[PDB]
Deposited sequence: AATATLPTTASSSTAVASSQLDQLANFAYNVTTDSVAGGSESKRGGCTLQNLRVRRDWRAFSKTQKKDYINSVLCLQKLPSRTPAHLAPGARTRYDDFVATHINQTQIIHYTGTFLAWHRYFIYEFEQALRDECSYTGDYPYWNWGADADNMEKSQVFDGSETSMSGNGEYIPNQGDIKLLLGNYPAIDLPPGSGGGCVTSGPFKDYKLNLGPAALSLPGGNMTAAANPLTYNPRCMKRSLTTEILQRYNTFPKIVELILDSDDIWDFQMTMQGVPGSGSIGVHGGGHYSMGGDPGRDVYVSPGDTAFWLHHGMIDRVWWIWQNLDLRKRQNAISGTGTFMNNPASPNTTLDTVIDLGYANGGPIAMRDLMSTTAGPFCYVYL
């Protein structure tokens, strides 16, 4: 039988999450028969990756960052690489994604098309990786995603001392205070030290309250990728209890995405916000440019997995569930998101597609499960 409420103990919460993930894996594989059991791809924990499997993905990411970009030069003069095209369209559509009826499905399609670019343009045969936050909640610097070795998405940045508190002011709600992390500067080690971030910043938070915004975040400004891994941020919004609480106590699609992103006026940035700002640095603290951090795709693999688990717990009522509109926090008011709403990814990959073709990981263009 399945867990009913989330546990206040960290080990038990991991067991419930596992048992909920096993229930989700079971429901999906037993239904499937263009998608079969034989081409059903599997996404796995980045720790389940071998140190040779890690290098294949990293090498496939490094290759996409070296191919020429597809976006027209006038629409984004700062885009140079195939990697920049995905970042460019995320900057372009930040106002109509996030806190929208399309938030969860747009990012499921976003990461899927990012995988296709790896498989078709940089010859990737491995599995898509995801980052389990709760496993690294007590020591993010030891996390195999951020440990600074050459099997990581690079590690911490240079420790800038005497850094001010990060203050987050979205909307007109009172600020949320966060520690500045143990880094702050350019990344040290890892296979991405010479990775040149090209676009942004658009709305980058800074230690001390400021927000660096460029005149046009689509213009060319090459720079390094900065990081300041903040373990304290993870153990506040990303422990195993928080992850299982997000799944077991969200009973409608509204409560799920709201709790996931951070309920307004609640002092919580949710699992989505806490996963972004824990990396710190640039573009870690920029909601527009965050795909510029290579740990974005492992982060959203886990976001999709948490949505995938919650969906299967009641496929009758949760597969096609949608709530929200087409504008950030319905500001200003916009029509309700429906199954007929068409979204696109700009010039990154793919074409415009309706929402109903996105709700299932074993339908539409999708054919995959999680382990």
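Next item on the list: Numbering from 1, run down the deposited sequence and write out every stretch that has no C-alpha in the structure.
Entry: No C-alpha for residues 1-4, 38-45.
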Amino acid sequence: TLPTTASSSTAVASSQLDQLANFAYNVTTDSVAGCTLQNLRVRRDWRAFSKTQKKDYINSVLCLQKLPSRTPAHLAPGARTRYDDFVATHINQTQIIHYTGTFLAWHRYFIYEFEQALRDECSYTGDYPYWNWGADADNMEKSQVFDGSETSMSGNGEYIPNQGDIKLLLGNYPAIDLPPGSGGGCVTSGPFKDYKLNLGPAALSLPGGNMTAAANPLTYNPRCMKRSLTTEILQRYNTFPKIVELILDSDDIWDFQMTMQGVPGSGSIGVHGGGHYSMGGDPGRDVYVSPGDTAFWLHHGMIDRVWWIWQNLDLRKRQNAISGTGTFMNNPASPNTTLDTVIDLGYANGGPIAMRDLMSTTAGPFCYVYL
From here on, numbers count along this sequence of modelled residues.
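Next item on the list: Name the higher of the two by mean Cα B-factor in the PDB entry, 300-308 versus 50-58.
Entry: Looking at the recorded C-alpha B-factors, 50-58 comes out higher on average.
Next item on the list: Would you determine, from the values in the PDB entry, which of 90-98 and 209-217 has the greater average C-alpha temperature factor?
Entry: For C-alpha atoms only, the mean B-factor is higher in 209-217.
Next item on the list: By the entry's C-alpha temperature factors, tell me which of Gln261, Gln116, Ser290, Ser189 sits highest.
Entry: The record points to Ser189.
Margin query: Using only the C-alpha B-factors in the record, can you name which of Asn331, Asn320, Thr29, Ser323 has the highest?
Written below: Of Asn331, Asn320, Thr29, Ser323, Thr29 has the highest C-alpha B-factor.
Margin query: Sorting by Cα B-factor within the chain, modelled residues only, which third would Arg227 end up in: lowest, middle or highest?
Written below: As the PDB entry reports it, the C-alpha B-factor of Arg227 lands in the middle third of its chain.
Item checked: Chain-relative CA temperature factor third for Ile253 -> It falls in the bottom third of the chain.
Checklist line | Among modelled residues of the same chain, the CA temperature factor third for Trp133 | finding: According to the entry, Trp133 has a C-alpha B-factor in the chain's middle third.
Next item on the list: Please place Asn349 in the lowest, middle or highest third of its chain by C-alpha B factor as given in the entry.
Entry: Within its chain, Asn349 is a middle-third residue by C-alpha B-factor, going by the deposited values.
Check: What third of its chain, lowest, middle or highest, does the C-alpha temperature factor of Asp194 fall into?
Finding: Ranked within chain, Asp194 CA B lands in the highest tercile.
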